[PDB]
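*Asks:* So I've got this experimental structure, pasted below with the sequence.
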Amino acid sequence: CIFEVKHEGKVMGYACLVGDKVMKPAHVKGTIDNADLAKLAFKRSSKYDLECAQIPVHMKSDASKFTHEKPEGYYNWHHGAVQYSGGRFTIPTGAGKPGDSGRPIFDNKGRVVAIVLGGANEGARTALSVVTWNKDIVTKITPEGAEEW
Amino acid sequence: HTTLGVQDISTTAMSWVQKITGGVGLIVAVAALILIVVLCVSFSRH
Amino acid sequence: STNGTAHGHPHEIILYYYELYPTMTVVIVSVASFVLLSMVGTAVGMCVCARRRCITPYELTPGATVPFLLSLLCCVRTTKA
């Protein structure tokens, strides 16, 4: 379900097969490192900083079902455990660097909860700037002073 | 004494043609404002 | 002479040209062209605004379609496959 966006042979962010679309943050430079995915036609959406397309039939079995459901507590991401509370995702400062955009923040059942875009350093912890689902629609939470990763 | 600059007559008819122009301008002005209003709604939504 | 009947409609409007003239009509035509340009500019702006509206919902995922009809002629046709 997770695929990596490469730019000049360098991983910039990620792409994800959620629902029946193929997502990847709009701000991420590069092209999905997967033939089938790379040749697709994406529809950009600057409001959501999202850029979706449709999953080829032969990969649709590979999608992951997202969720608006996110109760205060700890979430999972590649570098460790993210913490959600006060309507804000945070992590120990240093555990997220430029080149981590696109990486999903899963919950314990695998549902993608948000997609990292960058983070604002506020000391001990960094408030993440993410793309998250609302009641049904996409949204973007960007803490004051975020540094786009 | 004639010999002056118009415009002058012919009323009605004249109004018929005049009324056709400028209305569409008002429409696109209103639509522009409405688009701005919706944009502000989106800005508020974010 | 060159009777300058009133109308109408229009018709007579052009008859006045002969009365007081060389000019008159050409300036009016230029004004009409300017009005057309304003009308065309408005339409172009409106189409760009229509894009601005369909924006956000330009990424992907269910959600119109839906408001895509009622939907300023695209909206749809657009939602679909």
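*Replies:* Happy to help now that I have it. Residues are numbered from 1 along each chain as shown, chains lettered A, B, ... in the order given.
*Asks:* Does chain C have contacts with stretch A:128-136?
*Replies:* Yes - Stretch A:128-136 is in contact with chain C by Cβ under 8 Å from any Cβ of the partner chain, via residue A:136. Using the backbone N, CA and C atoms, a C-beta is placed for each residue, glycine as well.
*Asks:* hmm, who's touching that stretch?
*Replies:* The contact list for stretch A:128-136 (Cβ atoms under 8 Å, 6 or more residues apart in numbering or on different chains) reads A:25, A:48-50, A:66-68, A:70, A:82, A:88-91, A:96, A:105, A:113-120, A:138-143, A:146, A:148, C:62-63.
*Asks:* Equivalent analysis for stretch A:40-49, please.
*Replies:* By Cβ under 8 Å, 6+ apart, the residues outside stretch A:40-49 that reach it are A:22, A:24-27, A:50-54, A:56, A:117, A:131, A:138-140, B:42, B:46, C:55-60.
*Asks:* What residues of that stretch count as buried?
*Replies:* Going by neighbour count (16 or more other Cβ atoms under 10 Å in any protein chain shown), the buried part of stretch A:40-49 is A:42, A:45, A:47-49.
*Asks:* which residue packs closest to whichever residue of chain B sits closest to chain C, ignoring adjacent ones?
*Replies:* Chain C sits closest to residue B:28 of chain B, with a gap of 2.6 Å, by Cβ to the nearest Cβ. Distances taken as Cβ to Cβ, 6 or more residues apart in numbering or on different chains place residue C:42 nearest to residue B:28, at 2.6 Å, with adjacent residues excluded.
*Asks:* ok, now how distant is the closest residue to chain B within chain A from residue C:10?
*Replies:* Of all residues in chain A, residue A:47 sits closest to chain B, at 6.7 Å by Cβ to the nearest Cβ. Plainly put, residue A:47 is 48 Å away from residue C:10 if you go by Cβ to Cβ, to the nearest Å.
*Asks:* Also residue C:61?
*Replies:* Residue C:61 is 54 Å from residue C:10, by Cβ to Cβ.
*Asks:* what about these two, which has more around it?
*Replies:* The neighbour comparison of residue C:61 against residue C:10 (other Cβ atoms under 10 Å in any protein chain shown) goes to residue C:61, with 19 against 13.
*Asks:* How about the more buried one, nearest residue that isn't a chain neighbour?
*Replies:* Nearest residue to residue C:61 in three dimensions, chain neighbours excluded: residue A:21, at 5.8 Å (Cβ to Cβ, 6+ apart).
*Asks:* Across the sheet, point out what pairs with residue A:81.
*Replies:* residue A:76 (DSSP bridges).
*Asks:* Could you do the one 4 residues further on as well?
*Replies:* Listed beta-bridge partners, residue A:85: residue A:88 (assigned using DSSP bridges).
*Asks:* Tell me how many other residues crowd it.
*Replies:* 11.
*Asks:* so it makes contact with residue A:72?
*Replies:* Yes - in this structure, residue A:85 is within contact of residue A:72 by Cβ atoms under 8 Å, at 4.4 Å.
*Asks:* quick one: which of the contacts of stretch A:40-49 sit in helices?
*Replies:* Those of the contacts of stretch A:40-49 mapping onto helices are residue B:42, per DSSP state H.
*Asks:* Please list only the buried members of the contacts of stretch A:40-49.
*Replies:* The neighbour count (16+ other Cβ under 10 Å) marks A:22, A:24-27, A:50-54, A:117, A:131, A:138-140, C:55-60 as buried among the contacts of stretch A:40-49.
*Asks:* quick check, the residue of chain B closest to chain C in a helix?
*Replies:* Yes - according to DSSP: H, G, I helix; E, B strand; the rest coil, residue B:28 belongs to a helix.
*Asks:* still on that earlier bit, any idea which element the residue nearest to residue B:28 lies in?
*Replies:* Assigned by DSSP states H and E, residue C:42 belongs to helix C:25-54.
*Asks:* Tell me which other helices or strands that helix touches.
*Replies:* helix B:23-45 (3 or more Cβ pairs under 8 Å, 6 or more residues apart in numbering or on different chains; DSSP states H and E).
*Asks:* Great, nothing more from me.
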